[PDB]
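Following: one structure in structure tokens, then a few remarks.
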Amino acid sequence: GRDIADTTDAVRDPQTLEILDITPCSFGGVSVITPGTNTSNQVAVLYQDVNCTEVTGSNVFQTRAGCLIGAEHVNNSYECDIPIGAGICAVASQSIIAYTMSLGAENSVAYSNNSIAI
Amino acid sequence: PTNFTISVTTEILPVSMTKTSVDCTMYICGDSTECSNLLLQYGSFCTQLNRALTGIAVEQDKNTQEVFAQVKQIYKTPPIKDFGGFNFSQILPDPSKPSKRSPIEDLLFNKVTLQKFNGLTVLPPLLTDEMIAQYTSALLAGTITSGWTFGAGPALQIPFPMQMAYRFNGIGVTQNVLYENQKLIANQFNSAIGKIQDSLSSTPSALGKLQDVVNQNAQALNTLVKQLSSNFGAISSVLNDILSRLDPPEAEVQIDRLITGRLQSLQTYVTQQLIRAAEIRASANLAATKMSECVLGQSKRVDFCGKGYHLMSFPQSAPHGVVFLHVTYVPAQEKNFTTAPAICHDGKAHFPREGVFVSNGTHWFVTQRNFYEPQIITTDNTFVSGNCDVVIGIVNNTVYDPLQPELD
Amino acid sequence: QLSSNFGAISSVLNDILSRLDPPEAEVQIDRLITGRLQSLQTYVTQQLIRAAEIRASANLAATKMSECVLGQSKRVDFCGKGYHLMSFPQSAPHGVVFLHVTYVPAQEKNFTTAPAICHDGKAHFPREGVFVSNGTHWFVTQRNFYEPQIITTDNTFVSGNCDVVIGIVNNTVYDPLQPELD
Ligand SMILES: *[C@@H]1O[C@H](CO)[C@@H](O[C@@H]2O[C@H](CO)[C@@H](O)[C@H](O)[C@H]2NC(C)=O)[C@H](O)[C@H]1NC(C)=O
Ligand SMILES: *[C@@H]1O[C@H](CO)[C@@H](O[C@@H]2O[C@H](CO)[C@@H](O)[C@H](O)[C@H]2NC(C)=O)[C@H](O)[C@H]1NC(C)=O
Ligand SMILES: *[C@@H]1O[C@H](CO)[C@@H](O[C@@H]2O[C@H](CO)[C@@H](O)[C@H](O)[C@H]2NC(C)=O)[C@H](O)[C@H]1NC(C)=O
Ligand SMILES: *[C@@H]1O[C@H](CO)[C@@H](O[C@@H]2O[C@H](CO)[C@@H](O)[C@H](O)[C@H]2NC(C)=O)[C@H](O)[C@H]1NC(C)=O
Ligand SMILES: *[C@@H]1O[C@H](CO)[C@@H](O)[C@H](O)[C@H]1NC(C)=O
Ligand SMILES: *[C@@H]1O[C@H](CO)[C@@H](O)[C@H](O)[C@H]1NC(C)=O
Ligand SMILES: *[C@@H]1O[C@H](CO)[C@@H](O)[C@H](O)[C@H]1NC(C)=O
Ligand SMILES: *[C@@H]1O[C@H](CO)[C@@H](O)[C@H](O)[C@H]1NC(C)=O
Ligand SMILES: *[C@@H]1O[C@H](CO)[C@@H](O)[C@H](O)[C@H]1NC(C)=O
Ligand SMILES: *[C@@H]1O[C@H](CO)[C@@H](O)[C@H](O)[C@H]1NC(C)=O
Ligand SMILES: *[C@@H]1O[C@H](CO)[C@@H](O)[C@H](O)[C@H]1NC(C)=O
Ligand SMILES: *[C@@H]1O[C@H](CO)[C@@H](O)[C@H](O)[C@H]1NC(C)=O
């Protein structure tokens with residue numbers, strides 16, 4: 001068989017007459033997150049659109065955008081500083097951290113049917 | 001007019017497009033060092049395209065953030081819905097759903113219907129759908145509870161019927177009309193917002209503006225991918241066959257033809273994307289302005305936030321766009337009367353303060369312009385100026401004063 | 001981009017012109033001609049798009065000057081955050097700077113309110129402002145600044161009876177003619 005472009009999607013193996021599927025191997029860009037040469041010399045790298053099963057080699061963290069290496073996941077949310085993607089942002093506490101961005105402080109106004117503020 | 005009707009109309013605006021990116025060297029000739037060397041003789045042609053694609057990809061997030069990030073804090077509605085008879089159940093988020101999306105925007109998300117190639121990738125947006133829904137929920141809660149106050153300073157609470165009385169007064173109709181027709185107005189509001197769900201769910205092609213961009217992007221990508229099988233003059237359209245069958249001293253020409261053809265195709269694609277991105281940016285700016293001027297306040301521009309006299313608006317979210325729900329005021333049933341520009345009493349011409357003189361055939365009254373409400377003519381609603389020989393076409397009548405019956 | 005080769009022997013035109021034979025020079029110069037023409041066309045198109053964007057920005061700036069500096073805008077968030085008062089322009093390299101001056105309320109309080117007041121079987125509504133109570137008595141104030149006033153027939157109007165509106169309260173109104181008649 002062949003794809004919509006002039007490439008083969010499958011083949012028949014000689015000497016056995018067997019059908020073998022074909023899938024292209026992984027590829028993607030590389031990004032470097034830096035707080036600045038005026039602050040530190042540490043970086044974290046992200047291998048876009050690939051999962052941490054394959055290959056600076058410190059930690060592993062799987063997000064919806066790729067495999068992030070060199071940053072530590074944390075739970076408490078803060079205002080976004082460096083956008084990474086899909087709701088994940090990323091120096092604080094002598095390390096590079098990755099968290100989920102926060103939309104703002106939660107506030108509730110006291111609604112009543114005979115009250116007003118002037 | 002002697003009656004009125006409250007109407008609700010929608011409006012659809014696109015905001016953003018998909019963030020795609022194409023790699024020049026991989027697309028033009030991949031996994032081959034015997035073409036990259038020849039390609040390296042052309043300069044920054046494989047850098048400018050990447051720069052432009054990165055620019056549009058960055059611009060899309062700015063579009064989304066400008067449209068939707070308009071609030072400071074995240075407001076929340078009270079647990080008890082005592083809104084004086086008004087019913088907002090169809091636009092407020094539903095707490096029993098896996099995703100806290102209102103029924104109308106749930107139908108909107110389900111109505112519109114939105115693979116792998118070589119060198120082509122798609123990037124995810126920075127803001128998820130849940131965050132956009134949360135932003136719209138905060139906006140809607142703020143406008144329900146505090147009116148337009150939360151757009152200028154701190155939010156100050158006010159009962160909803162009183163806010164609606166203020167908005168009625170803002171178009172030229174006094175508030176006692178609402179205080180006397182509250183139940184009727186609430187029922188009309190509920191029925192009008194109820195019709196919207198059926199109108200959206202049953203009418204085809206109501207969301208064509210948001211499907212057009214998806215179709216155009218998919219078609220452009222498909223054409224770019226299909227262009228890889230053309231010959232452009234070489235003996236074969238695939239690179240490996242010619243590369244592995246002939247000496248490079250002869251294969252140079254065959255490689256060069258493919259190189260120039262594919263470069264031209266990529267340039268055409270990038271230019272088209274740039275023009276479309278500019279168009280989408282203009283639409284996003286319009287949507288941001290409409291949100292700012294119709295949701296956070298009351299607009300007096302004609303036919304900007306609906307057809308009629310504007311009262312309020314409620315936003316909803318949608319894939320790659322926003323949806324507005326304009327609430328307006330329309331007169332219903334009129335009548336015929338006889339008027340006059342002035343009343344001549346005791347040799348002096350009297351003019352009305354607010355309204356127009358009307359007569360039902362025998363007597364003379366004063367009424368406001370947008371609603372029939374006859375009042376007797378006294379000195380507290382008419383101001384005197386001049387004499388009766390200047391103004392053309394005036395009549396005679398008797399103007400009373402409240403002082404005389406009280407002092408006798 | 002002038003230093004690129006584009007597939008000829010050398011990028012510099014004088015070298016190829018004065019080293020080979022004329023029939024081959026007329027073939028080697030065409031590649032350079034085509035490459036340089038392509039570069040110029042790309043530059044021109046990008047300049048056209050950038051100029052369009054700059055024109056849109058200039059139109060917006062002109063509109064803002066006309067509507068904020070020459071008058072007092074009522075559009076929300078068009079000439080600053082808050083209620084607009086005025087504006088001042090300043091120049092800059094390839095641009096302009098606006099200094100919007102606005103009005104922001106602060107230091108709010110807490111009150112109780114009613115839509116109408118029933119006196120002698122007649123419902124009264126405020127001409128301008130709102131009804132508020134500090135806990136015992138009823139006053140009339142404006143909306144954007146707290147300023148109490150004693151309820152009087154001057155700042156309220158009457159329409160109808162007390163059996164129609166919802167949330168009416170009982171109180172007393174005062175007429176200017178009372179001290180004079182006494
Ligand atoms: C007006 O008074 C009410 C209650 O007397 C205030 O509402 C309370 O506000 C605090 C502060 O956030 C909350 O912790 C309480 O839960 C609220 N109680 C109720 C019953 O709503 C309200 O904040 C006051 N308003 C102003 C402007 O001071
Ligand atoms: C103004 O229009 C409304 C709606 O058309 C009228 O309300 C209707 O009145 C009839 C007769 O009482 C009822 O059968 C309908 O059910 C009412 N409609 C609604 C939605 O409640 C109203 O009567 C009109 N005003 C006047 C003065 O006639
Ligand atoms: C406010 O409006 C909602 C409509 O969304 C009402 O909920 C409906 O109630 C009827 C009768 O119980 C049900 O048949 C519908 O299925 C409900 N709608 C939905 C979407 O579930 C609600 O009852 C109204 N509020 C009040 C107080 O009546
Ligand atoms: C006010 O009076 C005018 C004229 O007296 C009415 O206009 C007439 O309407 C009928 C019904 O369609 C037509 O057949 C006549 O030709 C109209 N007259 C003219 C001169 O065009 C009008 O309908 C009245 N207003 C109301 C609310 O009934
Ligand atoms: C990569 O490995 C993780 C680990 O289980 C898996 O969840 C993910 O689906 C893998 N990536 C792809 C593209 O399947
Ligand atoms: C975050 O909290 C979850 C449970 O709430 C916990 O399992 C997880 O370990 C926490 N994250 C870290 C980095 O400890
Ligand atoms: C006009 O108004 C007067 C005052 O109420 C009334 O007496 C008269 O019957 C009215 N005429 C008509 C035709 O309705
Ligand atoms: C209106 O037109 C009629 C024409 O018959 C005329 O007699 C009358 O004076 C006019 N009224 C005014 C106020 O000009
Ligand atoms: C109004 O009064 C004047 C003088 O009393 C008179 O000349 C005029 O005709 C009167 N108007 C009408 C419509 O009768
Ligand atoms: C409310 O204002 C009046 C002013 O007339 C004052 O006498 C009264 O003490 C005030 N109430 C409270 C609770 O302060
Ligand atoms: C406010 O709501 C309560 C019930 O919670 C009700 O008793 C009261 O009458 C309402 N106030 C007005 C002015 O209707
Ligand atoms: C207001 O006064 C009337 C009599 O003047 C009385 O019938 C009514 O119950 C009073 N309202 C309240 C809320 O007590």
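Every chain in the structure tokens has a letter given in the order shown (A, B, ...), and although residue numbers restart at 1 in each chain, ligands are simply numbered from 1 in the order shown.
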Near-ligand residues for ligand 12, threshold 10 Å, only C-alpha atoms and all ligand atoms, as a short mmCIF file (atom, residue, chain, number, x, y, z; two decimals) with C-alpha atoms, in the first residue's frame:
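Result went into out37.cif, see below:
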data_model
loop_
_atom_site.label_atom_id
_atom_site.label_comp_id
_atom_site.auth_asym_id
_atom_site.auth_seq_id
_atom_site.Cartn_x
_atom_site.Cartn_y
_atom_site.Cartn_z
CA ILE C 117 -41.92 53.92 50.99
CA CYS C 118 -45.64 53.77 51.82
CA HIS C 119 -47.17 56.89 53.38
CA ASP C 120 -50.91 57.69 53.49
CA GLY C 121 -51.63 54.79 51.14
CA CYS C 162 -49.04 50.40 48.25
CA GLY C 167 -40.81 45.03 49.53
CA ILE C 168 -42.47 48.34 50.41
CA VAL C 169 -41.85 49.71 53.91
CA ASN C 170 -43.66 52.13 56.21
CA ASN C 171 -42.25 55.58 57.01
#
Q.
Please return as a list in words the residues found within 9 Å of ligand 4, counting only C-alpha atoms and all ligand atoms.
A.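 Result of the 9 Å neighbour search around ligand 4: residues 1, 333, 334, 335, 336 and 337 of chain B.
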Pick out the chain A residues within 10 Å of chain C. Count only C-alpha atoms. Give them as a PDB file with N, CA, C and O atoms, in the first residue's frame.
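Everything below was put into out.pdb:
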ATOM      1  N   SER A 112     -27.573  39.790  49.186  1.00  0.00           N
ATOM      2  CA  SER A 112     -28.789  39.755  49.982  1.00  0.00           C
ATOM      3  C   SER A 112     -29.834  40.605  49.276  1.00  0.00           C
ATOM      4  O   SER A 112     -29.503  41.495  48.490  1.00  0.00           O
ATOM      5  N   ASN A 113     -31.100  40.326  49.565  1.00  0.00           N
ATOM      6  CA  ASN A 113     -32.193  40.965  48.847  1.00  0.00           C
ATOM      7  C   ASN A 113     -32.670  42.262  49.491  1.00  0.00           C
ATOM      8  O   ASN A 113     -33.636  42.855  49.004  1.00  0.00           O
ATOM      9  N   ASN A 114     -32.030  42.714  50.574  1.00  0.00           N
ATOM     10  CA  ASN A 114     -32.312  44.036  51.121  1.00  0.00           C
ATOM     11  C   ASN A 114     -31.042  44.727  51.610  1.00  0.00           C
ATOM     12  O   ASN A 114     -31.083  45.481  52.588  1.00  0.00           O
ATOM     13  N   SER A 115     -29.908  44.483  50.955  1.00  0.00           N
ATOM     14  CA  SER A 115     -28.634  45.051  51.366  1.00  0.00           C
ATOM     15  C   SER A 115     -27.959  45.727  50.183  1.00  0.00           C
ATOM     16  O   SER A 115     -28.093  45.288  49.039  1.00  0.00           O
ATOM     17  N   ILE A 116     -27.222  46.803  50.471  1.00  0.00           N
ATOM     18  CA  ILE A 116     -26.520  47.570  49.448  1.00  0.00           C
ATOM     19  C   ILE A 116     -25.260  48.161  50.064  1.00  0.00           C
ATOM     20  O   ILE A 116     -25.150  48.313  51.282  1.00  0.00           O
ATOM     21  N   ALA A 117     -24.289  48.483  49.209  1.00  0.00           N
ATOM     22  CA  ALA A 117     -23.028  49.086  49.621  1.00  0.00           C
ATOM     23  C   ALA A 117     -22.809  50.377  48.843  1.00  0.00           C
ATOM     24  O   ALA A 117     -22.978  50.403  47.621  1.00  0.00           O
ATOM     25  N   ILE A 118     -22.434  51.444  49.552  1.00  0.00           N
ATOM     26  CA  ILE A 118     -22.240  52.757  48.956  1.00  0.00           C
ATOM     27  C   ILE A 118     -20.884  53.302  49.390  1.00  0.00           C
ATOM     28  O   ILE A 118     -20.611  53.388  50.590  1.00  0.00           O
TER      29      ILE A 118
END
Q | Contacts with ligand 2 at most 6 Å, only C-alpha atoms and all ligand atoms counted, listed as a count of residues only | A | 3
Q) Within 12 Å of ligand 3, counting only C-alpha atoms and all ligand atoms, which protein or nucleic acid residues do you find, written as an MDAnalysis selection string? A) chainID B and resid 80:96 102:104 106:107 186:187 189:197
Q | Nearby residues, ligand 6, 9 Å, only C-alpha atoms and all ligand atoms, as a PyMOL selection string | A | chain A and resi 72-76
Could you take the residues named above and write them with C-alpha atoms, as a PDB file, in the first residue's frame?
ATOM      1  CA  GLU A  72      10.575  19.289  40.121  1.00  0.00           C
ATOM      2  CA  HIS A  73       6.783  19.034  40.138  1.00  0.00           C
ATOM      3  CA  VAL A  74       5.006  20.765  43.025  1.00  0.00           C
ATOM      4  CA  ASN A  75       1.403  20.992  44.223  1.00  0.00           C
ATOM      5  CA  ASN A  76       0.805  24.580  45.363  1.00  0.00           C
TER       6      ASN A  76
END
(Q) Given only C-alpha atoms as the basis, pick out the residue of B:48, B:37, B:25, B:146 nearest to chain A. (A) B:146
Q: Find the residue from A:8, A:15, A:42, A:94 that sits nearest to chain B; use only C-alpha atoms when measuring.
A: A:8
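Nearest to chain C of all the residues B:368, B:396, B:382, B:44 is B:44, based on only C-alpha atoms.
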Return as CSV the residues of chain C lying at most 12 Å from ligand 10, together with the closest atom-to-atom pair for each and the distance in Å to one decimal, counting only C-alpha atoms and all ligand atoms, with rows in chain order and ascending residue number.
residue,atom,partner,partner_atom_place_in_ligand_line,distance
C:111,CA,ligand 10,13 (C),10.9
C:132,CA,ligand 10,1 (C),10.5
C:133,CA,ligand 10,1 (C),7.4
C:134,CA,ligand 10,1 (C),4.9
C:135,CA,ligand 10,13 (C),5.1
C:136,CA,ligand 10,11 (N),5.7
C:137,CA,ligand 10,1 (C),5.8
C:138,CA,ligand 10,2 (O),8.3
C:139,CA,ligand 10,5 (O),8.8
C:148,CA,ligand 10,4 (C),9.3
C:149,CA,ligand 10,5 (O),9.8
C:150,CA,ligand 10,5 (O),8.9
C:151,CA,ligand 10,5 (O),11.7
Q | chain B contacts on chain A, only C-alpha atoms, 6 Å, as a VMD selection string | A | chain A and resid 5 to 6 85 to 87 104 to 108 113 116 to 117
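Near chain C, the residues of chain B that fall inside 7 Å (using only C-alpha atoms) are residues 41, 42, 43, 152, 153, 179, 180, 292, 293 and 297 of chain B.
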**Q.** Who sits within 10 Å of residue A:63, only C-alpha atoms, same chain under 5 positions skipped, as a ChimeraX atom specification
**A.** /A:46,48-52,68,84-88
Would you put the residues from that selection into a file with N, CA and C atoms, as a PDB file, in the first residue's frame?
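Wrote it out as again38.pdb, contents follow:
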ATOM      1  N   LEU A  46      13.056  20.503  27.503  1.00  0.00           N
ATOM      2  CA  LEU A  46      11.788  19.862  27.183  1.00  0.00           C
ATOM      3  C   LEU A  46      11.863  19.277  25.782  1.00  0.00           C
ATOM      4  N   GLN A  48       9.764  18.059  22.929  1.00  0.00           N
ATOM      5  CA  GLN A  48       8.369  18.286  22.582  1.00  0.00           C
ATOM      6  C   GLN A  48       7.735  17.060  21.940  1.00  0.00           C
ATOM      7  N   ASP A  49       6.504  16.764  22.361  1.00  0.00           N
ATOM      8  CA  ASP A  49       5.654  15.749  21.735  1.00  0.00           C
ATOM      9  C   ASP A  49       6.316  14.374  21.714  1.00  0.00           C
ATOM     10  N   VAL A  50       7.014  14.040  22.794  1.00  0.00           N
ATOM     11  CA  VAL A  50       7.581  12.708  22.967  1.00  0.00           C
ATOM     12  C   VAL A  50       7.471  12.346  24.438  1.00  0.00           C
ATOM     13  N   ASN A  51       7.327  11.057  24.718  1.00  0.00           N
ATOM     14  CA  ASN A  51       7.139  10.625  26.093  1.00  0.00           C
ATOM     15  C   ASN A  51       8.459  10.162  26.702  1.00  0.00           C
ATOM     16  N   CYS A  52       8.509  10.193  28.036  1.00  0.00           N
ATOM     17  CA  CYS A  52       9.750  10.027  28.783  1.00  0.00           C
ATOM     18  C   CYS A  52      10.333   8.622  28.690  1.00  0.00           C
ATOM     19  N   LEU A  68       9.687  16.767  30.404  1.00  0.00           N
ATOM     20  CA  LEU A  68      10.415  17.862  31.030  1.00  0.00           C
ATOM     21  C   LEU A  68      11.452  17.297  31.990  1.00  0.00           C
ATOM     22  N   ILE A  84       4.710  27.114  29.626  1.00  0.00           N
ATOM     23  CA  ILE A  84       5.208  25.880  29.032  1.00  0.00           C
ATOM     24  C   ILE A  84       4.181  25.264  28.089  1.00  0.00           C
ATOM     25  N   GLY A  85       2.935  25.159  28.528  1.00  0.00           N
ATOM     26  CA  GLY A  85       1.860  24.662  27.688  1.00  0.00           C
ATOM     27  C   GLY A  85       0.848  23.803  28.421  1.00  0.00           C
ATOM     28  N   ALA A  86      -0.404  23.868  27.963  1.00  0.00           N
ATOM     29  CA  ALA A  86      -1.498  23.046  28.484  1.00  0.00           C
ATOM     30  C   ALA A  86      -1.715  23.266  29.979  1.00  0.00           C
ATOM     31  N   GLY A  87      -1.593  24.514  30.419  1.00  0.00           N
ATOM     32  CA  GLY A  87      -1.858  24.849  31.802  1.00  0.00           C
ATOM     33  C   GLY A  87      -0.712  24.629  32.761  1.00  0.00           C
ATOM     34  N   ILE A  88       0.496  24.383  32.264  1.00  0.00           N
ATOM     35  CA  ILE A  88       1.671  24.154  33.096  1.00  0.00           C
ATOM     36  C   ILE A  88       2.606  25.345  32.938  1.00  0.00           C
TER      37      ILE A  88
END
**Q.** ligand 8 neighbours within 10 Å using only C-alpha atoms and all ligand atoms, as a VMD selection string
**A.** chain B and resid 339 to 341 391 to 395
**Q.** At most 12 Å from ligand 9 (only C-alpha atoms and all ligand atoms): residue list as a list in words
**A.** residues 340, 342, 343, 344, 345, 346, 347, 348, 349, 388, 389, 393, 394, 395, 396, 397 and 398 of chain B
Q: Pull the alpha helix (DSSP H) assignments for chain C out of DSSP run on the backbone, and list those residues as a VMD selection string.
A: chain C and resid 13 to 17 22 to 64 177 to 181
(Q) So that I can check the surroundings of residue C:153, please list as a ChimeraX atom specification every protein, DNA and RNA residue that reaches within 8 Å of it, counting only C-alpha atoms and ignoring chain neighbours fewer than 3 positions away. (A) /C:156-157,173-176
Export N, CA and C atoms of the chosen residues as a short mmCIF file (atom, residue, chain, number, x, y, z; two decimals), in the first residue's frame?
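See result-v1.cif below for the written result:
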data_model
loop_
_atom_site.label_atom_id
_atom_site.label_comp_id
_atom_site.auth_asym_id
_atom_site.auth_seq_id
_atom_site.Cartn_x
_atom_site.Cartn_y
_atom_site.Cartn_z
N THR C 156 -38.79 63.03 46.00
CA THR C 156 -39.53 61.80 45.75
C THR C 156 -40.79 62.13 44.96
N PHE C 157 -41.26 61.16 44.18
CA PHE C 157 -42.51 61.30 43.44
C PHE C 157 -43.41 60.10 43.74
N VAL C 173 -43.01 61.00 55.23
CA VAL C 173 -42.37 62.01 54.39
C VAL C 173 -42.71 63.39 54.94
N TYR C 174 -41.91 64.37 54.53
CA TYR C 174 -41.97 65.72 55.08
C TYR C 174 -42.21 66.70 53.94
N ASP C 175 -43.06 67.70 54.17
CA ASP C 175 -43.36 68.68 53.14
C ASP C 175 -42.86 70.07 53.54
N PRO C 176 -42.18 70.77 52.63
CA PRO C 176 -41.70 72.12 52.94
C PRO C 176 -42.76 73.07 53.46
#
Q | Selection: 8 Å around stretch 322-326 of chain B, only C-alpha atoms, excl. self and same-chain fewer than 6 positions, as a list in words | A |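 Surrounding residues, per the criterion: residues 8, 9, 10, 11, 12, 13, 14, 15, 287, 305, 306, 310, 311, 312, 313, 314, 315 and 316 of chain B.
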